[PDB]
$ cat data-v6.cif   # mmCIF, C-alpha atoms and all ligand atoms
data_query
#
loop_
_atom_site.label_atom_id
_atom_site.label_comp_id
_atom_site.auth_asym_id
_atom_site.auth_seq_id
_atom_site.Cartn_x
_atom_site.Cartn_y
_atom_site.Cartn_z
CA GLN A 843 181.74 -160.57 45.70
CA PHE A 844 184.93 -159.81 47.59
CA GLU A 845 185.87 -162.11 50.47
CA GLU A 846 187.62 -159.77 52.93
CA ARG A 847 190.08 -162.58 53.74
CA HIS A 848 191.65 -162.29 50.28
CA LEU A 849 191.89 -158.49 50.61
CA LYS A 850 195.48 -157.52 51.32
CA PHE A 851 196.51 -154.16 52.73
CA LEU A 852 199.21 -152.53 50.52
CA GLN A 853 199.29 -148.81 51.46
CA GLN A 854 197.21 -146.02 53.01
CA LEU A 855 196.05 -143.73 50.18
CA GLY A 856 194.40 -141.01 52.29
CA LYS A 857 192.41 -140.16 55.42
CA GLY A 858 189.33 -137.95 55.44
CA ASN A 859 188.07 -137.26 58.93
CA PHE A 860 185.47 -140.03 59.14
CA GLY A 861 186.77 -142.28 56.36
CA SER A 862 189.93 -143.89 54.96
CA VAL A 863 190.97 -144.97 51.46
CA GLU A 864 193.46 -147.83 51.13
CA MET A 865 195.35 -149.42 48.22
CA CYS A 866 194.63 -153.18 48.39
CA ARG A 867 195.17 -156.33 46.39
CA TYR A 868 192.21 -158.67 46.13
CA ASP A 869 194.14 -161.97 45.84
CA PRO A 870 192.09 -165.20 46.08
CA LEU A 871 195.10 -167.33 44.92
CA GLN A 872 197.76 -165.75 47.24
CA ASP A 873 200.50 -165.28 44.64
CA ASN A 874 200.09 -161.46 44.23
CA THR A 875 198.75 -161.55 40.65
CA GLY A 876 195.48 -160.39 42.22
CA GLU A 877 194.02 -157.07 41.04
CA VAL A 878 195.02 -153.94 42.91
CA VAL A 879 191.96 -152.05 44.25
CA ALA A 880 191.08 -148.85 46.17
CA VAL A 881 189.17 -149.50 49.33
CA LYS A 882 187.04 -146.98 51.26
CA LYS A 883 185.93 -147.57 54.87
CA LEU A 884 184.66 -145.57 57.88
CA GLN A 885 186.85 -144.81 60.93
CA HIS A 886 184.66 -143.70 63.86
CA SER A 887 181.78 -145.78 62.46
CA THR A 888 178.41 -144.41 63.66
CA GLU A 889 174.85 -145.67 62.98
CA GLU A 890 174.07 -142.45 61.07
CA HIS A 891 177.44 -142.60 59.30
CA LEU A 892 176.86 -146.19 58.13
CA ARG A 893 173.50 -145.15 56.64
CA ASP A 894 175.16 -142.16 54.94
CA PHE A 895 177.80 -144.58 53.66
CA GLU A 896 175.31 -147.14 52.40
CA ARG A 897 173.64 -144.16 50.60
CA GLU A 898 177.03 -143.16 49.13
CA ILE A 899 177.77 -146.63 47.69
CA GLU A 900 174.30 -146.68 46.02
CA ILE A 901 175.06 -143.27 44.44
CA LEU A 902 178.45 -144.31 43.10
CA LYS A 903 177.07 -147.65 42.00
CA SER A 904 174.36 -145.72 40.08
CA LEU A 905 177.04 -143.62 38.33
CA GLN A 906 178.53 -144.61 34.95
CA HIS A 907 180.79 -142.05 33.25
CA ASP A 908 184.34 -141.65 31.86
CA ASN A 909 184.99 -138.91 34.50
CA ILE A 910 183.54 -140.75 37.49
CA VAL A 911 185.65 -143.29 39.39
CA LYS A 912 184.47 -146.85 38.73
CA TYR A 913 182.61 -148.87 41.30
CA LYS A 914 183.84 -152.43 41.64
CA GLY A 915 181.83 -153.56 44.63
CA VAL A 916 181.59 -153.96 48.38
CA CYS A 917 183.15 -156.28 50.97
CA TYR A 918 181.60 -157.25 54.36
CA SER A 919 182.47 -159.24 57.50
CA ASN A 924 183.17 -153.54 58.55
CA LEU A 925 181.42 -152.26 55.37
CA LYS A 926 184.04 -151.52 52.73
CA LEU A 927 183.47 -149.75 49.38
CA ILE A 928 185.61 -151.22 46.56
CA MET A 929 186.70 -149.03 43.62
CA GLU A 930 189.30 -149.16 40.91
CA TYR A 931 192.80 -148.07 41.84
CA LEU A 932 194.27 -145.08 39.96
CA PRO A 933 198.10 -144.85 40.56
CA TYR A 934 198.46 -141.18 39.73
CA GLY A 935 196.40 -140.25 42.75
CA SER A 936 194.47 -137.10 43.43
CA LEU A 937 194.70 -134.17 40.99
CA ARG A 938 195.86 -131.99 43.92
CA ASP A 939 199.01 -134.06 44.56
CA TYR A 940 199.53 -134.88 40.88
CA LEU A 941 199.48 -131.21 39.82
CA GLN A 942 202.05 -130.18 42.45
CA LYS A 943 204.31 -133.09 41.45
CA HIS A 944 204.18 -132.84 37.63
CA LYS A 945 203.15 -129.21 36.96
CA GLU A 946 206.22 -128.55 34.75
CA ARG A 947 204.41 -130.84 32.28
CA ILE A 948 200.99 -129.22 32.96
CA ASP A 949 200.30 -126.00 31.05
CA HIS A 950 197.17 -123.83 30.75
CA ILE A 951 195.72 -125.92 27.87
CA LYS A 952 196.10 -129.08 30.01
CA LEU A 953 194.49 -127.48 33.08
CA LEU A 954 191.52 -126.67 30.82
CA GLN A 955 191.24 -130.28 29.70
CA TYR A 956 190.88 -131.40 33.35
CA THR A 957 188.41 -128.54 33.94
CA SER A 958 186.07 -129.56 31.05
CA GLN A 959 186.14 -133.15 32.25
CA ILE A 960 185.15 -132.08 35.79
CA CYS A 961 182.26 -130.06 34.30
CA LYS A 962 181.11 -133.06 32.20
CA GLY A 963 181.32 -135.21 35.33
CA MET A 964 179.17 -132.61 37.11
CA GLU A 965 176.79 -132.29 34.16
CA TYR A 966 176.12 -135.98 34.54
CA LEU A 967 175.63 -135.66 38.33
CA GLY A 968 172.86 -133.06 37.91
CA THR A 969 171.22 -135.39 35.35
CA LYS A 970 170.49 -137.59 38.42
CA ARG A 971 169.68 -134.64 40.71
CA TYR A 972 172.88 -135.38 42.66
CA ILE A 973 174.51 -132.49 44.64
CA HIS A 974 178.20 -133.29 45.19
CA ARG A 975 178.88 -130.83 48.02
CA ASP A 976 182.65 -131.62 48.28
CA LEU A 977 184.10 -130.38 44.99
CA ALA A 978 187.90 -129.72 45.44
CA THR A 979 191.05 -131.03 43.65
CA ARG A 980 191.65 -133.30 46.70
CA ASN A 981 188.64 -135.27 45.45
CA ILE A 982 189.46 -135.44 41.73
CA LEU A 983 191.61 -138.40 40.57
CA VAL A 984 194.10 -138.62 37.76
CA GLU A 985 193.54 -141.46 35.29
CA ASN A 986 196.39 -140.73 32.90
CA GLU A 987 198.01 -137.48 31.75
CA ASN A 988 194.92 -136.72 29.58
CA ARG A 989 192.05 -137.74 31.92
CA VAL A 990 190.70 -136.94 35.42
CA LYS A 991 187.82 -138.45 37.39
CA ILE A 992 185.66 -137.30 40.28
CA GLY A 993 186.92 -139.84 42.89
CA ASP A 994 184.90 -139.43 46.13
CA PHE A 995 181.17 -138.92 46.87
CA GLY A 996 181.17 -138.76 50.73
CA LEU A 997 178.92 -135.71 51.05
CA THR A 998 176.81 -136.34 47.91
CA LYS A 999 173.02 -135.90 48.43
CA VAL A 1000 170.08 -136.57 46.13
CA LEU A 1001 167.75 -133.55 45.77
CA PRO A 1002 164.23 -134.25 46.99
CA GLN A 1003 161.87 -134.48 44.01
CA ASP A 1004 160.21 -131.14 44.83
CA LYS A 1005 163.19 -128.98 45.92
CA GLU A 1006 166.16 -127.35 44.19
CA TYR A 1007 168.17 -127.55 47.44
CA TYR A 1008 169.11 -129.99 50.22
CA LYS A 1009 169.67 -128.81 53.79
CA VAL A 1010 172.33 -130.30 56.10
CA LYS A 1011 174.07 -128.74 59.12
CA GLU A 1015 184.18 -129.77 60.27
CA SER A 1016 183.35 -128.48 56.79
CA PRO A 1017 185.50 -127.28 53.87
CA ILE A 1018 184.33 -123.67 54.49
CA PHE A 1019 186.76 -121.91 52.04
CA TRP A 1020 184.99 -123.85 49.18
CA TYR A 1021 181.41 -123.21 50.41
CA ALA A 1022 178.81 -120.99 48.79
CA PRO A 1023 177.51 -118.06 50.91
CA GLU A 1024 174.06 -119.66 51.35
CA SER A 1025 175.79 -122.94 52.27
CA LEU A 1026 177.65 -121.16 55.09
CA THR A 1027 174.58 -119.30 56.46
CA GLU A 1028 171.68 -121.58 55.64
CA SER A 1029 173.22 -125.10 55.24
CA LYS A 1030 171.49 -125.18 51.79
CA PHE A 1031 173.24 -126.99 48.94
CA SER A 1032 172.38 -127.20 45.24
CA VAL A 1033 173.76 -127.43 41.76
CA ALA A 1034 174.38 -123.67 42.22
CA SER A 1035 176.42 -124.35 45.41
CA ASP A 1036 178.33 -127.02 43.48
CA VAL A 1037 178.97 -124.39 40.78
CA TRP A 1038 180.38 -122.04 43.46
CA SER A 1039 182.83 -124.77 44.54
CA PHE A 1040 183.78 -125.63 40.96
CA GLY A 1041 184.89 -121.99 40.68
CA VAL A 1042 187.12 -122.60 43.70
CA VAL A 1043 188.47 -125.78 42.02
CA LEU A 1044 189.27 -123.59 38.91
CA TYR A 1045 191.12 -121.23 41.23
CA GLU A 1046 193.09 -124.13 42.69
CA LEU A 1047 193.96 -125.29 39.22
CA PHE A 1048 195.19 -121.89 38.13
CA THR A 1049 197.29 -121.34 41.29
CA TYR A 1050 198.88 -124.78 40.68
CA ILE A 1051 197.88 -125.64 44.28
CA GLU A 1052 200.60 -123.23 45.51
CA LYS A 1053 200.43 -123.26 49.31
CA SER A 1054 200.89 -119.46 49.48
CA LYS A 1055 197.87 -118.98 47.15
CA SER A 1056 195.37 -121.46 48.66
CA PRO A 1057 191.73 -120.53 49.39
CA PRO A 1058 192.45 -120.88 53.18
CA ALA A 1059 195.63 -118.80 52.81
CA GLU A 1060 193.92 -116.03 50.79
CA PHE A 1061 190.65 -115.81 52.77
CA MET A 1062 192.48 -115.90 56.10
CA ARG A 1063 194.62 -112.95 54.87
CA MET A 1064 191.34 -111.19 54.00
CA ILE A 1065 189.74 -112.19 57.37
CA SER A 1073 184.19 -116.45 64.54
CA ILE A 1074 186.19 -117.57 61.46
CA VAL A 1075 183.04 -118.67 59.59
CA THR A 1076 181.24 -115.50 60.67
CA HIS A 1077 184.10 -113.25 59.52
CA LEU A 1078 184.02 -115.22 56.24
CA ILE A 1079 180.24 -114.74 55.72
CA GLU A 1080 180.78 -110.98 56.07
CA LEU A 1081 183.59 -110.92 53.50
CA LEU A 1082 181.60 -112.76 50.84
CA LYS A 1083 178.52 -110.58 51.60
CA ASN A 1084 180.75 -107.57 51.07
CA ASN A 1085 181.98 -109.02 47.71
CA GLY A 1086 185.45 -110.01 48.98
CA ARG A 1087 186.77 -112.63 46.54
CA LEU A 1088 189.83 -114.80 45.84
CA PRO A 1089 192.27 -112.90 43.65
CA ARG A 1090 192.91 -113.64 40.03
CA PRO A 1091 195.76 -116.19 39.78
CA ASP A 1092 199.08 -115.03 38.24
CA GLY A 1093 198.89 -115.41 34.48
CA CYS A 1094 195.21 -116.42 34.56
CA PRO A 1095 193.43 -115.58 31.28
CA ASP A 1096 190.67 -112.97 31.53
CA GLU A 1097 187.95 -115.39 30.28
CA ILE A 1098 189.06 -117.84 32.98
CA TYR A 1099 188.91 -115.41 35.93
CA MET A 1100 185.59 -114.34 34.39
CA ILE A 1101 184.17 -117.86 34.80
CA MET A 1102 185.44 -117.91 38.38
CA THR A 1103 183.71 -114.59 39.26
CA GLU A 1104 180.40 -115.63 37.67
CA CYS A 1105 180.53 -118.88 39.67
CA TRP A 1106 181.06 -116.77 42.76
CA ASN A 1107 177.86 -114.79 42.29
CA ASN A 1108 176.11 -114.23 45.63
CA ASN A 1109 172.78 -114.71 43.86
CA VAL A 1110 172.18 -118.43 43.49
CA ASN A 1111 170.04 -117.80 40.39
CA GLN A 1112 172.81 -115.99 38.57
CA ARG A 1113 175.50 -118.67 38.65
CA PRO A 1114 176.26 -120.33 35.28
CA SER A 1115 175.29 -123.87 34.31
CA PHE A 1116 177.65 -126.87 34.11
CA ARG A 1117 176.55 -127.42 30.49
CA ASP A 1118 177.46 -123.77 29.75
CA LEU A 1119 180.68 -124.01 31.76
CA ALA A 1120 181.73 -127.06 29.71
CA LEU A 1121 181.11 -125.23 26.40
CA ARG A 1122 182.88 -122.00 27.35
CA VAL A 1123 185.90 -123.88 28.78
CA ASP A 1124 186.13 -126.05 25.66
CA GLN A 1125 186.10 -122.93 23.44
CA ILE A 1126 188.64 -121.04 25.55
CA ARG A 1127 190.93 -124.08 25.33
CA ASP A 1128 190.40 -124.48 21.55
CA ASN A 1129 191.05 -120.76 20.88
CA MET A 1130 194.35 -121.15 22.83
CA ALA A 1131 195.42 -124.08 20.69
CA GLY A 1132 195.95 -125.21 17.11
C1 LIG B 1 191.43 -138.69 45.50
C2 LIG B 1 190.56 -139.83 46.03
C3 LIG B 1 189.34 -139.31 46.80
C4 LIG B 1 189.69 -138.91 48.24
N1 LIG B 1 190.42 -139.97 48.94
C5 LIG B 1 190.56 -139.87 50.29
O1 LIG B 1 191.64 -139.86 50.85
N2 LIG B 1 189.38 -139.72 50.98
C6 LIG B 1 187.98 -139.89 50.57
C7 LIG B 1 187.33 -140.43 51.82
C8 LIG B 1 188.05 -139.72 52.93
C9 LIG B 1 189.47 -139.51 52.44
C10 LIG B 1 191.65 -140.29 48.20
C11 LIG B 1 191.33 -140.89 46.84
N3 LIG B 1 192.54 -141.44 46.17
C12 LIG B 1 193.78 -140.69 46.33
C13 LIG B 1 192.54 -142.58 45.37
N4 LIG B 1 193.73 -142.90 44.84
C14 LIG B 1 193.76 -143.90 43.95
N5 LIG B 1 192.75 -144.64 43.49
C15 LIG B 1 191.58 -144.31 44.05
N6 LIG B 1 190.37 -144.90 43.81
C16 LIG B 1 189.40 -144.32 44.59
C17 LIG B 1 189.94 -143.33 45.35
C18 LIG B 1 191.34 -143.29 45.03
#
$ encode --input "data-v6.cif" --output "structure tokens" --more "lines below"
Ligand SMILES: C[C@@H]1CCN(C(=O)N2CCCC2)C[C@@H]1N(C)c1ncnc2[nH]ccc12
Amino acid sequence: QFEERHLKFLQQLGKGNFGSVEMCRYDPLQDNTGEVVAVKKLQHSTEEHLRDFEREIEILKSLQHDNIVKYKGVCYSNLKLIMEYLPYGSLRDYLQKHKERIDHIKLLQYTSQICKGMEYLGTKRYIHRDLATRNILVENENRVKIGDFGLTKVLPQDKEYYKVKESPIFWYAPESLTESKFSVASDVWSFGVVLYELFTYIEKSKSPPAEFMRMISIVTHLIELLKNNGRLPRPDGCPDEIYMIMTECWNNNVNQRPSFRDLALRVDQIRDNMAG
């Protein structure tokens, strides 16, 4: 496995409320030729949280896909999830830092890959629940991965939704805000928000919090706005078939939101029509 005594702390890669992600070297020969790894652990470790976490490792372990971050293992004395380390970091940071080299055709490459990732998730009846650029990783200039599964649930065998009561409320589907119900359709809502993020280049002045707050007890006010068909605006320069996808994803009716398989096709065609 991984002996935690050969696991060297290099640098803090992020902190997410109830969990941390660290860059570490696993170095059993103590000459720093050991492999650099990403290491996830809990921070205010709770009995319920540990169980959630042991459920999360199983999920990721079960997942094998070019656009899902690779499981490497676990380490125990203090339960730590071990994953491959991807230097380019989260898509959110990466976009802001290299956007001058990221054009619309490139954004649409990342988008398709996210959809394929999500296609594969639904193939296992997995609801991600935390779709946002902060959770997508950048492999190389031509590839992204879904890189965290902290809120991921498995749909009961009978149901098309999973119920669970801080939350990323400016990414949440209406029914998710009022009923705590999540689904592939709620994941499709959030994907639409991810698409928005992508097409605003993560500009602080254009963020879902920024825009909704300008439109706006905060969660209540927000429920009213979405009920009333208040929606994030079309990003500057955003193609009409792209804002179209976003608005379809943001359908109030759960049964009217597109499919990931359809989203992947349409995105791929938009991007191929743009190019040549
Ligand atoms: C983007 C990704 C998910 C979120 N995470 C994080 O901060 N959180 C998830 C749990 C709470 C906080 C950061 C993590 N980053 C930057 C990584 N960077 C490089 N290689 C990596 N391998 C595995 C993750 C990872």
$ residues_near_ligand --input "data-v6.cif" --ligand "ligand LIG 1 (chain B)" --cutoff "9 Å" --atoms "only C-alpha atoms and all ligand atoms" --output "ChimeraX atom specification"
/A:854-865,879-884,911-913,928-939,979-985,991-996
$ residues_around --input "data-v6.cif" --residues "residue A:974" --least-positions-apart "2" --cutoff "9 Å" --atoms "all atoms listed in the file" --output "JSON, numbers by chain"
{"A": [964, 967, 972, 976, 977, 995, 996, 997, 998, 999, 1000, 1031, 1032, 1033, 1036]}
$ residues_near_point --input "data-v6.cif" --point "(176.5, -134.9, 32.2)" --cutoff "12 Å" --atoms "all atoms listed in the file" --output "VMD selection string"
chain A and resid 905 to 910 958 to 972 1115 to 1120
$ residues_around --input "data-v6.cif" --residues "residue A:846" --least-positions-apart "3" --cutoff "10 Å" --atoms "only C-alpha atoms" --output "list in words"
residues 843, 849, 850, 868, 869, 870, 916, 917, 918, 919, 924 and 926 of chain A
$ residues_near_point --input "data-v6.cif" --point "(191.6, -113.1, 39.1)" --cutoff "10 Å" --atoms "only C-alpha atoms" --output "PyMOL selection string"
chain A and resi 1045+1048+1087-1103
$ residues_around --input "data-v6.cif" --residues "residue A:945" --least-positions-apart "4" --cutoff "12 Å" --atoms "all atoms listed in the file" --output "VMD selection string"
chain A and resid 937 to 941 949 to 950 952 to 953 987 1047 to 1052
$ closest_residue --input "data-v6.cif" --among "A:1030, A:1023, A:1128, A:1039" --to "residue A:1108" --atoms "all atoms listed in the file"
A:1023
$ atom_distance --input "data-v6.cif" --atom1 "atom CA of residue A:1009" --atom2 "atom CA of residue A:990"
29.1 Å
$ closest_residue --input "data-v6.cif" --among "A:1113, A:1054, A:1011, A:1078" --to "residue A:1037" --atoms "all atoms listed in the file"
A:1113
$ atom_distance --input "data-v6.cif" --atom1 "atom CA of residue A:1084" --atom2 "atom CA of residue A:1029"
19.5 Å
$ build_atoms --input "data-v6.cif" --residues "stretch 874-886 of chain A" --atoms "N, CA, C and O atoms" --output "CSV table (one decimal), keeping the file's coordinate frame"
chain,number,residue,atom,x,y,z
A,874,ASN,N,200.0,-162.9,44.6
A,874,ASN,CA,200.1,-161.5,44.2
A,874,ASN,C,200.0,-161.1,42.7
A,874,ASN,O,200.6,-160.1,42.3
A,875,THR,N,199.2,-161.9,42.0
A,875,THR,CA,198.8,-161.6,40.6
A,875,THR,C,197.3,-161.0,40.7
A,875,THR,O,196.8,-160.5,39.7
A,876,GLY,N,196.8,-161.0,41.9
A,876,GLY,CA,195.5,-160.4,42.2
A,876,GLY,C,195.4,-158.9,41.9
A,876,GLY,O,196.4,-158.2,42.0
A,877,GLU,N,194.2,-158.4,41.5
A,877,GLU,CA,194.0,-157.1,41.0
A,877,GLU,C,194.2,-156.1,42.2
A,877,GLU,O,193.7,-156.3,43.3
A,878,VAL,N,195.0,-155.0,41.9
A,878,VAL,CA,195.0,-153.9,42.9
A,878,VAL,C,193.7,-153.1,42.9
A,878,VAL,O,193.3,-152.6,41.8
A,879,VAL,N,193.2,-152.9,44.1
A,879,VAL,CA,192.0,-152.0,44.2
A,879,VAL,C,192.1,-150.9,45.3
A,879,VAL,O,193.0,-151.0,46.2
A,880,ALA,N,191.2,-149.9,45.2
A,880,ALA,CA,191.1,-148.8,46.2
A,880,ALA,C,189.9,-149.2,47.0
A,880,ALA,O,188.9,-149.7,46.6
A,881,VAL,N,190.1,-149.0,48.3
A,881,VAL,CA,189.2,-149.5,49.3
A,881,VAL,C,188.8,-148.4,50.3
A,881,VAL,O,189.7,-147.9,51.0
A,882,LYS,N,187.5,-148.0,50.3
A,882,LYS,CA,187.0,-147.0,51.3
A,882,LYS,C,186.3,-147.6,52.5
A,882,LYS,O,185.5,-148.5,52.3
A,883,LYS,N,186.6,-147.2,53.7
A,883,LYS,CA,185.9,-147.6,54.9
A,883,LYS,C,185.8,-146.4,55.9
A,883,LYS,O,186.5,-145.4,55.8
A,884,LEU,N,184.9,-146.6,56.8
A,884,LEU,CA,184.7,-145.6,57.9
A,884,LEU,C,185.6,-145.8,59.1
A,884,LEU,O,186.1,-146.9,59.3
A,885,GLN,N,185.8,-144.8,59.9
A,885,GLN,CA,186.8,-144.8,60.9
A,885,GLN,C,186.3,-144.7,62.4
A,885,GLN,O,186.8,-145.4,63.3
A,886,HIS,N,185.4,-143.8,62.6
A,886,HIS,CA,184.7,-143.7,63.9
A,886,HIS,C,183.2,-144.1,63.6
A,886,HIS,O,182.3,-143.5,64.1
